[PDB]
Amino acid sequence: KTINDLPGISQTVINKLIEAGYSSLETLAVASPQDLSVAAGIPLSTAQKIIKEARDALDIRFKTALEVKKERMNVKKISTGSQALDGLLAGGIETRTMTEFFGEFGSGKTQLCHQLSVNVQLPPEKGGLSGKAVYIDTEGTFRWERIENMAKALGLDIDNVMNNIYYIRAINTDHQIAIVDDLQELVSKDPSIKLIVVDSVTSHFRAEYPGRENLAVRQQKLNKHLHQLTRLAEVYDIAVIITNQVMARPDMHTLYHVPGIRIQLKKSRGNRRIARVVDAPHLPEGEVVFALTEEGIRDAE
Amino acid sequence: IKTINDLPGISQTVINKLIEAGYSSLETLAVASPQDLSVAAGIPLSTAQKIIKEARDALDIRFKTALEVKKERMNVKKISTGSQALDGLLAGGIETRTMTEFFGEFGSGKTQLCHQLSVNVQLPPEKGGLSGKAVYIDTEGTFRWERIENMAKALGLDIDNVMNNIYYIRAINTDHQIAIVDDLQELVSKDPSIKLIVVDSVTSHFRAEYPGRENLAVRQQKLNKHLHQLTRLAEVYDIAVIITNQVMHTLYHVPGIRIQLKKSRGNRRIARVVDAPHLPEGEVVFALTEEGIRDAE
């Protein structure tokens with residue numbers, strides 16, 4: 001994974017490679033040595049080396065049909081709505097794990113949450129888990145209308161869909177924490193819930209513990225909260241999603257992160273959005289494209 | 001030659017009067033009565049008898065001996081589609097050493113075809129196969145292990161054996177698709193049993209990552225490079241390569257054979273030869289049953 005982990009590679013060129021738009025290995029693997037040597041200012045011989053080393057690094061494993069079928073019955077995921085995105089996520093949002101989508105405002109984190117709170121209700125055959133979703137609204141982002149249109153586009157009972165989503169406003173950090181604490185009860189008292197969504201987790205934490213003077217305690221507290229969510233997910237076999245708003249994490253000191261899977265979302269040509277894996281145990285790196293339509297999260301074009 | 005536009009000594013004004021009359025295909029004109037064509041299209045009777053002679057020759061009807069054909073059948077092995085009709089259109093079935101494309105609207109039956117072929121390949125020459133394995137590169141998550149199963153049962157095969165004879169892989173985008181094909185050479189070498197490679201929805205990612213007419217150029221350049229790659233493997237390791245595309249003074253096409261698929265009344269589907277060296281123009285009809293690809297009736 002990652003370019004930083006390439007064998008026999010100086011740490012000076014690794015910069016001239018990210019400073020040239022080559023962030024992922026798949027990008028290097030299929031790139032031309034001649035074109036990489038110019039766009040990055042690297043010795044032609046060094047180019048054919050970084051690409052030879054990048055080409056091996058690719059985890060191309062051809063699994064049998066049979067084996068993959070065993071893997072499908074051994075796991076169940078909630079489909080995002082965009083075939084592209086689903087593939088990046090090896091199938092969809094997995095239960096038992098916490099998934100984070102972080103990105104600038106309008107990168108599509110909010111759309112995605114609503115989309116998942118509905119798709120989750122669909123039967124396995126149609127991409128869901130015939131389950132309920134709990135939507136913890138941190139900064140008043142829930143839109144009953146988005147739920148509606150997404151609902152229609154699937155020809156579902158608007159009213160039924162909405163009734164399958166538990167809603168709650170967490171006004172502050174303490175409340176957020178206590179709400180997720182109470183989450184255990186509700187999930188025990190109603191085993192149908194299979195998706196918890198916490199939109200803008202970090203938010204109150206950033207407001208109640210601002211700046212670099214608190215960062216220590218903020219994360220100390222933030223992380224504790226997320227450990228919590230994780231455990232819940234793992235223990236009651238339910239999918240947990242968190243969205244975190246940022247403005248640009250170095251790309252276009254190594255910090256610590258709790259979240260199992262971490263996908264970054266970027267804005268593109270108006271209607272389009274790019275999704276890229278940044279942290280994930282079994283997911284392979286590489287970004288893909290999708291879009292925001294009225295039907296909800298779909299693939300582009 | 002295919003398409004009416006390729007007819008020799010034919011004006012371009014009538015070519016419109018013919019298509020405006022309903023004569024779009026050549027076999028339809030070949031079997032047409034010059035009198036009725038003359039009226040239906042408002043074309044000189046002399047000119048009607050001419051276009052139908054041209055069209056009927058365009059068909060390329062060769063009468064080989066029974067002996068000569070038998071020789072030609074041992075000189076080549078093909079994977080059968082399941083539908084006698086289609087096989088017939090394909091001169092016997094899917095040929096190795098060649099890339100075949102099936103394109104058409106969604107549900108036109110390109111997906112079912114790919115699954116059908118990934119199973120028929122494992123069959124022994126006597127039963128239509130080549131006793132080989134298949135590699136299914138899934139572009140948009142279309143693989144259904146369920147379809148492979150029923151297709152499997154209907155043949156009285158070992159579901160779990162068949163499935164174990166199909167390598168699967170998910171190509172989440174262009175770069176991955178490309179890379180997966182680059183490594184394809186190793187795998188075929190590493191395992192000479194593999195005789196079928198199927199790439200469902202090739203064009204797909206390319207149309208996503210390089211959208212519109214603004215990229216078309218780079219799309220085809222990359223697309224052709226990709227495909228030039230697939231061909232070589234087919235040719236070099238003596239194996240069939242199938243690709244499906246989803247559609248609804250240059251134009252740069254690589255694919256050897258290009259069969260178009262169309263949706264008909266419910267269960268029925270039509271397949272028409274669009275591009276092909278040795279294959280004769282003409283469409284045929286088949287059907288998507290639960291057993292898999294079969295003939296309609």
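Regarding how it was determined, this PDB entry cites X-ray crystallography in its header, along with a resolution of 3.3 Å.

Enquirer: Can you lay out the overall build of chain B for me, pointing to particular residues and giving the numbers?
Expert: On a plain count of helices and strands, chain B comes out with 13 helices and 11 strands. Considered along the principal axes of its C-alpha atoms, chain B spans approximately 65 × 50 × 35 Å. Here chain B holds 297 residues, and the buried ones make up 49% of them. In the structure as shown, chain B presents an accessible area of about 14,900 Å², 50% of it carried by carbon and sulfur atoms. Separation between the mean location of the 36 positive side-chain charges and that of the 37 negative ones in chain B comes to 3 Å.

Enquirer: Could you give an account of the side chain of A:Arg298, with specific residues and numbers?
Expert: Residues and elements named next belong to chain A. Mapped onto the fold, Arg298 is located in strand 12 (residues 297-298). Given a relative accessible area of 17%, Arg298 falls into the buried group. With near-sequence residues (within four places) excluded, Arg298 lies in contact with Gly81, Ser82, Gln115, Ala153, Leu154, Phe290, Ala291 and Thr293.

Enquirer: Describe the UniProt feature "binding site: ATP" in chain A, listing the residues and the values that go with them.
Expert: Residue and element names in this part refer to chain A. On the UniProt side, "binding site: ATP" is annotated at positions that read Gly103, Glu104, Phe105, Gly106, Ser107, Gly108, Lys109 and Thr110 here. Looking at the secondary structure, you find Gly106 in the loop between strand 4 (98-103) and helix 7 (109-119). Apart from residues no more than four positions distant in its own chain, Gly106 is found in contact with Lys267 and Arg273. For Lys109, the location among the structural elements is in helix 7. With residues up to four places along the chain from it excluded, the contact list for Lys109 reads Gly103, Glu104, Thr243, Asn244, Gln245 and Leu265.

Enquirer: Could you give me a rundown of helix 4 (residues 45-58) of chain B, with the residues and numbers involved?
Expert: Residues and elements named next belong to chain B. With 14 residues, helix 4 extends 20 Å from end C-alpha to end C-alpha; this agrees with the ideal 20 Å at 1.5 Å per step. Restricting attention to buried positions, one finds in helix 4 the residues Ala48, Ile51, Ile52, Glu54, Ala55 and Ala58. All buried residues of helix 4 project into a common sector of 160 degrees when viewed along the axis, lining one side. Facing away from the buried side of helix 4 by over 90 degrees, the exposed positions are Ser46, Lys53, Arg56 and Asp57. Close packing links the buried residues of helix 4 with helix 1 (14-19), helix 2 (26-30) and helix 3 (34-40). Once helix 4 ends, the next one or two residues include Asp60, with phi positive near 60 degrees.

Enquirer: How would you sum up the domain arrangement of chain B? Please name residues and give values.
Expert: It is common to give the size of an interface as the accessible area lost on bringing the parts into contact. All names here are of chain B. Segmenting chain B into domains produces domain 1 (1-62) and domain 2 (63-297). Between the C-alpha centres of domain 1 and domain 2 the distance comes to 32 Å. Taken residue by residue, the interface counts seven residues in domain 1 and 11 residues in domain 2. When the two sides are added together, the surface that domain 1 and domain 2 hide from each other amounts to roughly 730 Å², 49% of it contributed by carbon and sulfur. Area buried by domain 1 at its contact with domain 2 is led by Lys2, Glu27 and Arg62, which between them contribute 66% of it. Here domain 1 and domain 2 share one salt bridge between them. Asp275 is paired through a salt bridge with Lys2; the nearest N and O atoms lie 3.7 Å apart. Across the domain 1-domain 2 interface, the total number found is one residue pair in polar contact.

Enquirer: I'd like a rundown of the sheet that holds strand 8 (residues 257-263) of chain B, residues and numbers included.
Expert: Taken in spatial order, the 10 strands of this open sheet run 1(A)-5(B)-4(B)-6(B)-7(B)-3(B)-8(B)-9(B)-10(B)-11(B), and their pairing is mixed. Of all strands in the sheet, those with a lone pairing partner are strand 1 (63-64) of chain A together with strand 11 (293-294) of chain B, marking the two edges. Sheet topology places strand 3 (residues 99-104) of chain B next to strand 7 (residues 240-245) of chain B; five bridges connect them, and they run parallel. Across the sheet, residue B:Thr100 finds its bridge partner in strand 7 of chain B, namely B:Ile242.

Enquirer: I'd like a description of the packing of aromatic side chains, backed by residues and values.
Expert: All names here are of chain B. A full pass over the atoms with the stated rule returns six aromatic pairs over all chains. Seen in terms of ring centroids, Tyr136 and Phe143 are 4.7 Å apart; in terms of plane orientation they differ by 75 degrees. Their pairing is edge-to-face. The exposure classification of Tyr136 matches that of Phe143, with both residues buried. Note on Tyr136 and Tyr168: the rings are 6.4 Å apart at their centroids and 15 degrees apart in plane angle, and the pair reads as stacked.

Enquirer: I'd like a rundown of the UniProt feature "binding site: ATP" in chain B, residues and numbers included.
Expert: Residues and elements named next belong to chain B. Residues given the UniProt feature "binding site: ATP" here are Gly104, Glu105, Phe106, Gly107, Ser108, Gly109, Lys110 and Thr111. Take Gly107: it is sitting in the loop between strand 3 and helix 7 (110-120). Overall, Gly107 belongs to the partly exposed group, its relative accessible area being 23%. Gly107 has contacts with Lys263, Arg269 and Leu288, leaving out every residue within four places of it along the chain. Residue placement: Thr111 occurs in helix 7.

Enquirer: So what's going on with a nonpolar patch on the surface? Which residues, and what values?
Expert: Residue and element names in this part refer to chain A. There is a patch of nonpolar side chains on the surface, built from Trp144, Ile158 and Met162 and spanning about 290 Å² of accessible area. When you line up the elements, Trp144 lands in helix 8 (residues 144-152). With relative accessibility at 52%, the residue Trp144 sits in the exposed group.

Enquirer: Break down the side chain of B:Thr203 for me, citing the residues and quoting the values.
Expert: Residues and elements named next belong to chain B. Residue placement: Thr203 occurs in helix 12 (residues 203-209). Of the residues examined, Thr203 reaches a relative accessible area of 10% and is grouped as buried. Non-local contacts of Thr203, meaning those with residues more than four positions away in its chain, are made with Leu223, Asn245 and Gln246.

Enquirer: Just give me the short version of the nonpolar core, but keep the residues and values in it.
Expert: Counting 40 residues, the largest nonpolar core has B:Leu196 and B:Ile259 as the members making the most contacts within it. Ignoring anything within four residues of it in the chain, the contact list for B:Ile259 reads B:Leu89, B:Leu90, B:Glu101, B:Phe102, B:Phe103, B:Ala271, B:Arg272, B:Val273 and B:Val274. By size, the runner-up hydrophobic cluster in this structure holds 35 residues, among which are A:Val118, A:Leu129, A:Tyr135 and A:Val197.

Enquirer: I'd love a proper account of the domain arrangement of chain A, names of residues and values included.
Expert: Residue and element names in this part refer to chain A. Taken domain by domain, chain A comprises domain 1 (1-61) and domain 2 (62-301). For domain 1 and domain 2, the distance between their C-alpha centroids amounts to 32 Å. Listed by partner, the interface residues are eight residues for domain 1 and 10 residues for domain 2. Buried area between domain 1 and domain 2, summed over both chains or domains, comes out near 760 Å², and the portion from carbon and sulfur atoms is 42%. It is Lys1, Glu26 and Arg61 in domain 1 that bury the most area against domain 2; as a group they hold 54% of the surface buried on that side. Where domain 1 touches domain 2, the interface holds zero salt bridges. Looking at side-chain class alone, the side of domain 1 that touches domain 2 contains two nonpolar, three polar and three charged residues.

Calculation notes
Residues numbered from 1 in each chain as written, not as in the entry; some residues may be left out. Chains lettered and ligands numbered in written order. Heavy atoms only, no water. Helix = DSSP H or I, 4+ residues; strand = E, 2+ residues; numbered from the N terminus. Buried < 20%, exposed > 50% of the residue type's maximum accessible area, 1.4 Å probe, protein only. Areas by Shrake-Rupley, 256 points an atom, 1.4 Å probe, with all protein chains shown as cover. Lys, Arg positive; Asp, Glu negative; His and termini not counted. Charge placed at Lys NZ, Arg CZ, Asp CG, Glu CD. Contact = heavy atoms within 4.5 Å. UniProt positions renumbered as here; feature names shortened; annotations may be inferred. Expected span 1.5 Å × (residues − 1). Arc of directions from axis to C-beta. Domains from an automatic or database assignment. Buried area = accessible area lost by both parts, 1.4 Å probe. Salt bridge = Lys/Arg side-chain N within 4 Å of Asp/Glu carboxyl O. Polar contact = N/O pair within 3.5 Å; in protein donor to acceptor, adjacent residues only side chain to side chain. Pairing = 2+ DSSP bridges. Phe/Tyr/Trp six-rings, centres within 6.5 Å; stacked < 30°, edge-to-face > 60°. Patch = residues over 30% accessible without salt bridge, like charges linked within 9 Å, V, L, I, M, F, W, Y side chains within 5 Å. Core = buried A, V, L, I, M, F, W, Y, C linked by side-chain atoms within 4.5 Å. Nonpolar A, V, L, I, M, F, W, Y, C, P; charged D, E, K, R; others polar.

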